[PDB]
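Single chain ahead, written as structure tokens, the form solved without its partner chain.
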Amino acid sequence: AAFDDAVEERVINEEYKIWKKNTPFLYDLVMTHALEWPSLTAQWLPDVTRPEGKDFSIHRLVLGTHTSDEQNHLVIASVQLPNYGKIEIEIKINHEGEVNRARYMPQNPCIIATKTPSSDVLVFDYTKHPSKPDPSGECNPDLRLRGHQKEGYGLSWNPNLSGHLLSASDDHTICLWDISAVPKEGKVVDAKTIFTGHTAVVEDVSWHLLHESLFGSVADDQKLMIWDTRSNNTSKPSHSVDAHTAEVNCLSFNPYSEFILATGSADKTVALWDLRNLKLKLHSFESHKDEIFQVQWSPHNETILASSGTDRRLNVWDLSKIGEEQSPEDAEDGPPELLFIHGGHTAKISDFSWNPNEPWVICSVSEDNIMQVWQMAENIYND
């Protein structure tokens, strides 16, 4: 008498019908693609090819596989975008276990770090591997980063210190590696520093974008922690905030507002934070119906951020609309700061990435192996 509620599902399919029927009015772009396997991870590479006098540009994504066999890959996919275009797998690299998360290094986007079900973080240089995977089934990472006892998801490259990499784990710790001086030839590298302030699964970690010594972490202990690598005490952060009424799954620093960040939580809210006074939450974004797992600021607009999670929705928020007036009927669809609800996915969303070269384009991937590349209608973000 327990699977009957899981058989709705019927509600999902009905809402999907309605959504597809309305995409002409809500979107300027909708591309849907069933991947061979679900990807737990998605990140646009920063580069973009705009071929000679053609009406499209070529973009690329770091993706992964999630299969229960022994043929998992780190994937690089290409995406033709116009200036309701195809999607091609360019490279597959043998990967040990499913790819929990894959992130390119800002100072050299050929370098990809991945999180694996074994506690290791693997580093690949995808230019050093063939386009077709090794039929031996063997995984040959360019670096093997040691230090965790359990898998995790949080992964962050320092954008101001080349090769300084943070990782968050279910073992309650945060590992910092510095691979800057290490030749990427398959060596094992031990963690330079291990931060132990959290008392529960650490869900996410993220470097500040301007201050090279500052980073933040969020964990199942409901805390946001702000760390400073200049501190000698690796068991106690600079700041600790009781951030949510449940697990905190993600955080993201505003790339235009150096004091501002956001966290997403199993309490179904996105919280807004000001580093200058972390005692006081600036705002709580409240319309997700289930646990939030990913939050990301717009790369192009300082007031714009997006959140996704297990309610299969991707919410786009506009903090400049906080406090706005709305007609009582318009006030039913949600708060004024809720700019858009993406309802294209029919399963839990695992990751999404704002395209850094085409404003308002987003790639989101879900558990049913669907990948969507989409852009809300221009009239929605111009009112």
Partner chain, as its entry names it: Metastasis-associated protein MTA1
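Positions refer to the first chain, counted from 1. By rigid core we mean the largest C-alpha set that fits within 1.5 Å across both forms.
Although it is not shown, the form deposited with its partner chain bound is what the next lines describe.
Contact annotation for the candidate site: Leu166, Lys184 and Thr229 all lie away from its partner chain in the entry with it bound (no heavy atom within 4.5 Å). In the entry with it bound, at least one heavy atom of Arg313 sits within 4.5 Å of a heavy atom of its partner chain.
Of the heavy atoms in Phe340, some are within 4.5 Å of its partner chain in the entry with it bound. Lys184 is the only residue from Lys281, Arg144, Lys184, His300 whose Cα shifts by 2 Å or more between this form and the one not shown, the rigid core being superposed.
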